[PDB]
file work-v2.pdb (PDB, C-alpha atoms)
ATOM      1  CA  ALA N   1      58.018 165.320 124.720  1.00  0.00           C
ATOM      2  CA  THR N   2      61.459 164.159 125.650  1.00  0.00           C
ATOM      3  CA  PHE N   3      64.595 166.086 124.856  1.00  0.00           C
ATOM      4  CA  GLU N   4      67.893 164.313 125.554  1.00  0.00           C
ATOM      5  CA  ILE N   5      70.529 167.024 126.035  1.00  0.00           C
ATOM      6  CA  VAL N   6      74.051 165.684 125.410  1.00  0.00           C
ATOM      7  CA  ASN N   7      77.296 167.496 126.064  1.00  0.00           C
ATOM      8  CA  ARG N   8      79.910 166.218 123.608  1.00  0.00           C
ATOM      9  CA  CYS N   9      82.142 169.227 124.322  1.00  0.00           C
ATOM     10  CA  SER N  10      85.453 168.765 126.107  1.00  0.00           C
ATOM     11  CA  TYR N  11      84.337 171.373 128.653  1.00  0.00           C
ATOM     12  CA  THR N  12      81.469 171.426 131.107  1.00  0.00           C
ATOM     13  CA  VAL N  13      78.324 173.270 130.089  1.00  0.00           C
ATOM     14  CA  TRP N  14      75.230 174.156 132.121  1.00  0.00           C
ATOM     15  CA  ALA N  15      72.256 173.313 129.966  1.00  0.00           C
ATOM     16  CA  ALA N  16      69.220 175.571 130.156  1.00  0.00           C
ATOM     17  CA  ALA N  17      65.623 175.135 129.025  1.00  0.00           C
ATOM     18  CA  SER N  18      62.926 177.791 129.188  1.00  0.00           C
ATOM     19  CA  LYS N  19      59.912 179.247 127.362  1.00  0.00           C
ATOM     20  CA  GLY N  20      60.779 182.755 128.564  1.00  0.00           C
ATOM     21  CA  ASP N  21      58.268 183.087 131.383  1.00  0.00           C
ATOM     22  CA  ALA N  22      58.910 179.648 132.930  1.00  0.00           C
ATOM     23  CA  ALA N  23      61.362 176.794 133.159  1.00  0.00           C
ATOM     24  CA  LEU N  24      61.003 173.738 131.013  1.00  0.00           C
ATOM     25  CA  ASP N  25      61.510 170.740 133.339  1.00  0.00           C
ATOM     26  CA  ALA N  26      64.006 171.794 136.022  1.00  0.00           C
ATOM     27  CA  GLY N  27      65.184 174.638 133.753  1.00  0.00           C
ATOM     28  CA  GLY N  28      68.887 173.895 134.003  1.00  0.00           C
ATOM     29  CA  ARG N  29      71.550 171.419 135.020  1.00  0.00           C
ATOM     30  CA  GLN N  30      75.299 170.888 134.865  1.00  0.00           C
ATOM     31  CA  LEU N  31      76.558 168.640 132.072  1.00  0.00           C
ATOM     32  CA  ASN N  32      80.133 167.524 132.347  1.00  0.00           C
ATOM     33  CA  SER N  33      81.854 166.381 129.167  1.00  0.00           C
ATOM     34  CA  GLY N  34      79.979 163.355 127.861  1.00  0.00           C
ATOM     35  CA  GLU N  35      76.965 163.594 130.129  1.00  0.00           C
ATOM     36  CA  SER N  36      73.381 163.345 129.013  1.00  0.00           C
ATOM     37  CA  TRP N  37      70.331 164.888 130.693  1.00  0.00           C
ATOM     38  CA  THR N  38      66.829 163.973 129.544  1.00  0.00           C
ATOM     39  CA  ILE N  39      64.079 166.510 130.096  1.00  0.00           C
ATOM     40  CA  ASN N  40      60.353 166.420 129.620  1.00  0.00           C
ATOM     41  CA  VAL N  41      58.747 169.344 127.833  1.00  0.00           C
ATOM     42  CA  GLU N  42      54.962 169.705 128.043  1.00  0.00           C
ATOM     43  CA  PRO N  43      53.058 169.189 124.779  1.00  0.00           C
ATOM     44  CA  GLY N  44      51.961 172.464 123.235  1.00  0.00           C
ATOM     45  CA  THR N  45      54.998 174.383 124.478  1.00  0.00           C
ATOM     46  CA  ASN N  46      55.299 177.460 122.262  1.00  0.00           C
ATOM     47  CA  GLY N  47      58.529 179.375 121.952  1.00  0.00           C
ATOM     48  CA  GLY N  48      60.725 177.011 123.936  1.00  0.00           C
ATOM     49  CA  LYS N  49      64.488 177.262 123.852  1.00  0.00           C
ATOM     50  CA  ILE N  50      67.445 175.119 124.937  1.00  0.00           C
ATOM     51  CA  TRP N  51      70.945 176.504 125.173  1.00  0.00           C
ATOM     52  CA  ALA N  52      74.315 175.928 126.793  1.00  0.00           C
ATOM     53  CA  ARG N  53      75.886 178.167 129.379  1.00  0.00           C
ATOM     54  CA  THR N  54      79.639 178.326 129.898  1.00  0.00           C
ATOM     55  CA  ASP N  55      81.985 179.079 132.757  1.00  0.00           C
ATOM     56  CA  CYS N  56      79.335 179.140 135.497  1.00  0.00           C
ATOM     57  CA  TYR N  57      79.739 179.393 139.342  1.00  0.00           C
ATOM     58  CA  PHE N  58      76.685 178.463 141.511  1.00  0.00           C
ATOM     59  CA  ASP N  59      76.352 178.388 145.284  1.00  0.00           C
ATOM     60  CA  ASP N  60      74.553 175.687 147.241  1.00  0.00           C
ATOM     61  CA  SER N  61      71.273 177.467 146.659  1.00  0.00           C
ATOM     62  CA  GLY N  62      71.607 177.512 142.894  1.00  0.00           C
ATOM     63  CA  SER N  63      72.562 181.187 142.534  1.00  0.00           C
ATOM     64  CA  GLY N  64      75.606 182.499 140.713  1.00  0.00           C
ATOM     65  CA  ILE N  65      76.754 183.612 137.336  1.00  0.00           C
ATOM     66  CA  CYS N  66      77.732 182.280 133.910  1.00  0.00           C
ATOM     67  CA  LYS N  67      79.832 183.986 131.251  1.00  0.00           C
ATOM     68  CA  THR N  68      77.510 183.045 128.450  1.00  0.00           C
ATOM     69  CA  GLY N  69      73.805 182.382 128.638  1.00  0.00           C
ATOM     70  CA  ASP N  70      73.313 183.470 132.261  1.00  0.00           C
ATOM     71  CA  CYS N  71      69.546 183.455 133.133  1.00  0.00           C
ATOM     72  CA  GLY N  72      69.249 185.870 135.999  1.00  0.00           C
ATOM     73  CA  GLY N  73      72.013 184.139 137.964  1.00  0.00           C
ATOM     74  CA  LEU N  74      69.995 180.903 138.423  1.00  0.00           C
ATOM     75  CA  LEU N  75      71.141 177.328 137.883  1.00  0.00           C
ATOM     76  CA  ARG N  76      67.542 176.404 137.155  1.00  0.00           C
ATOM     77  CA  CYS N  77      66.522 178.866 134.484  1.00  0.00           C
ATOM     78  CA  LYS N  78      63.107 180.393 134.390  1.00  0.00           C
ATOM     79  CA  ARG N  79      63.974 183.056 131.809  1.00  0.00           C
ATOM     80  CA  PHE N  80      65.987 183.250 128.646  1.00  0.00           C
ATOM     81  CA  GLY N  81      69.733 183.605 128.764  1.00  0.00           C
ATOM     82  CA  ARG N  82      72.104 186.441 128.226  1.00  0.00           C
ATOM     83  CA  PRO N  83      73.687 186.571 124.777  1.00  0.00           C
ATOM     84  CA  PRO N  84      75.751 185.200 123.235  1.00  0.00           C
ATOM     85  CA  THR N  85      73.772 181.989 123.083  1.00  0.00           C
ATOM     86  CA  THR N  86      73.373 179.476 120.260  1.00  0.00           C
ATOM     87  CA  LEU N  87      69.661 178.613 120.445  1.00  0.00           C
ATOM     88  CA  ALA N  88      67.744 175.397 119.860  1.00  0.00           C
ATOM     89  CA  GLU N  89      64.192 176.714 119.335  1.00  0.00           C
ATOM     90  CA  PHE N  90      60.922 174.834 119.174  1.00  0.00           C
ATOM     91  CA  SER N  91      57.170 175.065 119.247  1.00  0.00           C
ATOM     92  CA  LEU N  92      55.370 171.766 119.803  1.00  0.00           C
ATOM     93  CA  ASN N  93      51.883 170.602 118.840  1.00  0.00           C
ATOM     94  CA  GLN N  94      51.083 173.665 116.787  1.00  0.00           C
ATOM     95  CA  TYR N  95      48.042 172.590 114.731  1.00  0.00           C
ATOM     96  CA  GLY N  96      49.282 169.029 114.612  1.00  0.00           C
ATOM     97  CA  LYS N  97      52.990 169.583 113.916  1.00  0.00           C
ATOM     98  CA  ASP N  98      56.201 170.505 115.702  1.00  0.00           C
ATOM     99  CA  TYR N  99      58.556 173.232 114.477  1.00  0.00           C
ATOM    100  CA  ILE N 100      62.281 173.333 115.228  1.00  0.00           C
ATOM    101  CA  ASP N 101      65.231 175.540 114.317  1.00  0.00           C
ATOM    102  CA  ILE N 102      68.645 176.715 115.386  1.00  0.00           C
ATOM    103  CA  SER N 103      69.192 180.480 115.695  1.00  0.00           C
ATOM    104  CA  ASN N 104      72.232 182.723 115.852  1.00  0.00           C
ATOM    105  CA  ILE N 105      70.057 185.851 116.243  1.00  0.00           C
ATOM    106  CA  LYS N 106      71.232 186.081 119.877  1.00  0.00           C
ATOM    107  CA  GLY N 107      74.783 185.186 118.977  1.00  0.00           C
ATOM    108  CA  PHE N 108      76.754 181.964 119.271  1.00  0.00           C
ATOM    109  CA  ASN N 109      78.575 180.397 122.218  1.00  0.00           C
ATOM    110  CA  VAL N 110      78.639 176.595 121.727  1.00  0.00           C
ATOM    111  CA  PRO N 111      78.145 174.525 118.575  1.00  0.00           C
ATOM    112  CA  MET N 112      74.975 172.470 118.447  1.00  0.00           C
ATOM    113  CA  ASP N 113      73.015 169.777 116.652  1.00  0.00           C
ATOM    114  CA  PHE N 114      69.220 169.698 117.153  1.00  0.00           C
ATOM    115  CA  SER N 115      67.690 166.529 115.752  1.00  0.00           C
ATOM    116  CA  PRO N 116      64.582 164.409 116.127  1.00  0.00           C
ATOM    117  CA  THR N 117      64.986 161.019 117.716  1.00  0.00           C
ATOM    118  CA  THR N 118      61.676 159.907 116.142  1.00  0.00           C
ATOM    119  CA  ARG N 119      60.876 159.646 112.433  1.00  0.00           C
ATOM    120  CA  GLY N 120      59.489 162.050 109.952  1.00  0.00           C
ATOM    121  CA  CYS N 121      61.929 164.953 109.663  1.00  0.00           C
ATOM    122  CA  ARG N 122      65.563 166.025 109.517  1.00  0.00           C
ATOM    123  CA  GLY N 123      67.718 167.730 112.119  1.00  0.00           C
ATOM    124  CA  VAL N 124      69.606 170.977 111.864  1.00  0.00           C
ATOM    125  CA  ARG N 125      73.100 171.860 112.942  1.00  0.00           C
ATOM    126  CA  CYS N 126      75.374 174.812 113.531  1.00  0.00           C
ATOM    127  CA  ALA N 127      78.761 173.332 114.355  1.00  0.00           C
ATOM    128  CA  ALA N 128      81.291 175.601 112.659  1.00  0.00           C
ATOM    129  CA  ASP N 129      83.904 177.430 114.704  1.00  0.00           C
ATOM    130  CA  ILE N 130      81.968 180.669 114.925  1.00  0.00           C
ATOM    131  CA  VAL N 131      83.775 181.774 118.071  1.00  0.00           C
ATOM    132  CA  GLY N 132      87.199 181.269 116.524  1.00  0.00           C
ATOM    133  CA  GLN N 133      86.208 183.011 113.293  1.00  0.00           C
ATOM    134  CA  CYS N 134      84.088 185.751 114.927  1.00  0.00           C
ATOM    135  CA  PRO N 135      84.490 189.279 113.528  1.00  0.00           C
ATOM    136  CA  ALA N 136      86.558 191.390 115.917  1.00  0.00           C
ATOM    137  CA  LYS N 137      83.723 193.812 116.592  1.00  0.00           C
ATOM    138  CA  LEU N 138      81.370 190.981 117.589  1.00  0.00           C
ATOM    139  CA  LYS N 139      83.740 189.101 119.906  1.00  0.00           C
ATOM    140  CA  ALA N 140      82.317 189.008 123.435  1.00  0.00           C
ATOM    141  CA  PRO N 141      85.108 189.712 125.899  1.00  0.00           C
ATOM    142  CA  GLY N 142      83.227 187.480 128.268  1.00  0.00           C
ATOM    143  CA  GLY N 143      83.352 184.592 125.785  1.00  0.00           C
ATOM    144  CA  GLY N 144      81.401 183.810 122.485  1.00  0.00           C
ATOM    145  CA  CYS N 145      80.402 185.729 119.355  1.00  0.00           C
ATOM    146  CA  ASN N 146      77.721 188.356 119.863  1.00  0.00           C
ATOM    147  CA  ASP N 147      75.031 189.157 117.366  1.00  0.00           C
ATOM    148  CA  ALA N 148      75.091 192.656 115.926  1.00  0.00           C
ATOM    149  CA  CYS N 149      71.856 193.701 117.620  1.00  0.00           C
ATOM    150  CA  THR N 150      73.392 193.033 121.031  1.00  0.00           C
ATOM    151  CA  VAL N 151      76.519 194.977 120.101  1.00  0.00           C
ATOM    152  CA  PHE N 152      75.142 197.988 118.203  1.00  0.00           C
ATOM    153  CA  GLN N 153      71.448 198.347 119.133  1.00  0.00           C
ATOM    154  CA  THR N 154      70.250 199.600 115.760  1.00  0.00           C
ATOM    155  CA  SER N 155      66.872 199.236 114.114  1.00  0.00           C
ATOM    156  CA  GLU N 156      68.560 197.478 111.192  1.00  0.00           C
ATOM    157  CA  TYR N 157      70.296 194.769 113.257  1.00  0.00           C
ATOM    158  CA  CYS N 158      67.474 194.336 115.769  1.00  0.00           C
ATOM    159  CA  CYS N 159      64.775 194.422 113.016  1.00  0.00           C
ATOM    160  CA  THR N 160      62.762 196.664 115.250  1.00  0.00           C
ATOM    161  CA  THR N 161      60.491 197.994 112.531  1.00  0.00           C
ATOM    162  CA  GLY N 162      60.026 194.610 110.859  1.00  0.00           C
ATOM    163  CA  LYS N 163      61.808 195.374 107.515  1.00  0.00           C
ATOM    164  CA  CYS N 164      65.535 194.932 107.926  1.00  0.00           C
ATOM    165  CA  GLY N 165      67.796 193.190 105.474  1.00  0.00           C
ATOM    166  CA  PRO N 166      70.832 190.972 105.756  1.00  0.00           C
ATOM    167  CA  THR N 167      73.998 192.669 106.923  1.00  0.00           C
ATOM    168  CA  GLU N 168      77.745 192.068 106.852  1.00  0.00           C
ATOM    169  CA  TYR N 169      77.396 190.643 110.358  1.00  0.00           C
ATOM    170  CA  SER N 170      74.389 188.422 109.646  1.00  0.00           C
ATOM    171  CA  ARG N 171      76.140 187.153 106.554  1.00  0.00           C
ATOM    172  CA  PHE N 172      79.075 185.961 108.699  1.00  0.00           C
ATOM    173  CA  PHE N 173      76.792 183.761 110.798  1.00  0.00           C
ATOM    174  CA  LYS N 174      74.976 182.572 107.675  1.00  0.00           C
ATOM    175  CA  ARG N 175      78.219 181.690 105.843  1.00  0.00           C
ATOM    176  CA  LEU N 176      79.441 179.613 108.796  1.00  0.00           C
ATOM    177  CA  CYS N 177      76.004 178.123 109.532  1.00  0.00           C
ATOM    178  CA  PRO N 178      73.623 178.205 106.574  1.00  0.00           C
ATOM    179  CA  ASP N 179      70.959 176.155 108.383  1.00  0.00           C
ATOM    180  CA  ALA N 180      70.576 178.543 111.318  1.00  0.00           C
ATOM    181  CA  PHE N 181      68.742 181.845 111.479  1.00  0.00           C
ATOM    182  CA  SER N 182      71.214 184.703 111.064  1.00  0.00           C
ATOM    183  CA  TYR N 183      68.849 187.685 111.496  1.00  0.00           C
ATOM    184  CA  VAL N 184      65.177 188.128 112.266  1.00  0.00           C
ATOM    185  CA  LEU N 185      63.923 188.128 108.640  1.00  0.00           C
ATOM    186  CA  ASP N 186      66.263 185.453 107.368  1.00  0.00           C
ATOM    187  CA  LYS N 187      64.787 182.997 104.936  1.00  0.00           C
ATOM    188  CA  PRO N 188      63.483 180.399 107.388  1.00  0.00           C
ATOM    189  CA  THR N 189      65.419 177.271 108.208  1.00  0.00           C
ATOM    190  CA  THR N 190      62.621 175.903 110.393  1.00  0.00           C
ATOM    191  CA  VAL N 191      61.949 172.182 110.067  1.00  0.00           C
ATOM    192  CA  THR N 192      58.429 170.761 110.334  1.00  0.00           C
ATOM    193  CA  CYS N 193      58.307 167.549 112.350  1.00  0.00           C
ATOM    194  CA  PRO N 194      55.351 165.319 113.237  1.00  0.00           C
ATOM    195  CA  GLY N 195      53.456 166.574 116.248  1.00  0.00           C
ATOM    196  CA  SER N 196      54.784 165.041 119.470  1.00  0.00           C
ATOM    197  CA  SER N 197      58.195 164.157 118.116  1.00  0.00           C
ATOM    198  CA  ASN N 198      61.069 163.655 120.543  1.00  0.00           C
ATOM    199  CA  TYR N 199      64.519 165.226 120.171  1.00  0.00           C
ATOM    200  CA  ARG N 200      68.175 165.325 121.078  1.00  0.00           C
ATOM    201  CA  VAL N 201      70.220 168.492 121.471  1.00  0.00           C
ATOM    202  CA  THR N 202      73.950 167.760 121.210  1.00  0.00           C
ATOM    203  CA  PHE N 203      76.522 170.358 122.171  1.00  0.00           C
ATOM    204  CA  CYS N 204      79.783 170.079 120.170  1.00  0.00           C
ATOM    205  CA  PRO N 205      78.415 167.435 117.821  1.00  0.00           C
ATOM    206  CA  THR N 206      81.612 167.269 115.753  1.00  0.00           C
ATOM    207  CA  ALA N 207      85.222 167.418 116.692  1.00  0.00           C
TER     208      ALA N 207
END
call {"tool": "encode", "arguments": {"input": "work-v2.pdb", "output": "structure tokens"}}
result
Amino acid sequence: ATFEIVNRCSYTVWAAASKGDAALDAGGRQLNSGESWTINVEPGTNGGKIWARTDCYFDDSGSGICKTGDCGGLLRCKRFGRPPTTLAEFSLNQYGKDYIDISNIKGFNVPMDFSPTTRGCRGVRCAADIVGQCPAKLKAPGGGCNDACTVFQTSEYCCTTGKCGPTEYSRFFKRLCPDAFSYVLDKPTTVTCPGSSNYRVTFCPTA
């Protein structure tokens, strides 16, 4: 499957793509404002994620640091990124269908649209100014709006036992972005697409 990753933000981002135990395609790349990077994701990929990283420094070997979404200091991510990270999430060719969502469960750094480029389903979007509006206690000094699990490490926010409810913090993310997951047991906002659809992930889709 192809995923065109487009940076419509006014700032550079370092896109990342991983399934947690491996890179997807090259795993990461710089995207200056306006650039597009098309990746190939193997059919059947389960639990894939795409995210943006901000304010990164890499050496000539591809090692460094980012302020949001850092994946073990690598340009070419093999592992998921450090919160806060707005997440484009997908599982492809799962009994004939693809499944996509956006999640704020690991916080929010950059606004995003995640849409099919092929027929048969809708896209989703979380493009509100979550960083600007972020509750004081969730603001990441390093940049972004942390989720409450990251900040407070409780069973209730992290849904550790499987039976957590919404919270004041989850409700903030949900109010700003109703179509994104706000906590682990949120009512799902997953879209079912035809199996083997192709997609575009756009950072900063709106002005």
call {"tool": "resolve_selection", "arguments": {"input": "work-v2.pdb", "expression": "the PyMOL selection byres ((chain N and resi 32) around 10)", "output": "PyMOL selection string"}}
result
chain N and resi 6-14+29-31+33-36
call {"tool": "axis_aligned_box", "arguments": {"input": "work-v2.pdb", "around": "segment 177-191 of chain N", "padding_each_side": "6 Å", "output": "JSON"}}
result
{"center_x": 69.0, "center_y": 180.2, "center_z": 108.6, "size_x": 26.1, "size_y": 27.9, "size_z": 19.3}
call {"tool": "atom_distance", "arguments": {"input": "work-v2.pdb", "atom1": "atom CA of residue 166 of chain N", "atom2": "atom CA of residue 16 of chain N"}}
result
28.9 Å
call {"tool": "atom_distance", "arguments": {"input": "work-v2.pdb", "atom1": "atom CA of residue 130 of chain N", "atom2": "atom CA of residue 25 of chain N"}}
result
29.3 Å
call {"tool": "resolve_selection", "arguments": {"input": "work-v2.pdb", "expression": "the PyMOL selection byres ((chain N and resi 37) around 6)", "output": "CSV table (one decimal) with C-alpha atoms, in the frame of the given file"}}
result
chain,number,residue,atom,x,y,z
N,4,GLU,CA,67.9,164.3,125.6
N,5,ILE,CA,70.5,167.0,126.0
N,36,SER,CA,73.4,163.3,129.0
N,38,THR,CA,66.8,164.0,129.5
call {"tool": "residues_around", "arguments": {"input": "work-v2.pdb", "residues": "residue 201 of chain N", "least_positions_apart": "6", "cutoff": "8 Å", "atoms": "all atoms listed in the file", "output": "VMD selection string"}}
result
chain N and resid 3 to 6 50 88 112 to 115
